[PDB]
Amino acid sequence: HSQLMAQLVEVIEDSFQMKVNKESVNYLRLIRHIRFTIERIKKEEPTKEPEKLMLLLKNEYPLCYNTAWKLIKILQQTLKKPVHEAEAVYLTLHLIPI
């Protein structure tokens, strides 16, 4: 899907008004994710909703991810209630901009 991948890349460059770093880990990862999503779509297999997101966030933003978990550690120690993993995902996403 050479022309398809090129077109997807162009939409991203136009939209974000940047040129991709084709050297970078983030880019290499994106193209691999797109190639794999193509296959899942062809096969009509479901997306993994949950624990997949966690690994992704850990790899893309280790510092925000681990920061989320230190927050959650303090919350558990204080409030004593269990913490559903989905909470580390939301916090990681709220921390990235800071």
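The first residue of the sequence shown is number 1, and the count goes up from there.
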Once average C-alpha B-factors are taken from the entry for 50-58 and 24-32, the winner is 50-58
The stretch whose C-alpha atoms carry the larger average B-factor in the entry, 78-86 or 13-21, is 78-86
Entry-reported C-alpha B-factor of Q3 relative to its chain, by third, is highest
Sorting the chain's modelled residues by C-alpha B-factor and splitting them into thirds places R40 in the middle
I98: C-alpha B-factor third of its chain, per the entry, is the highest
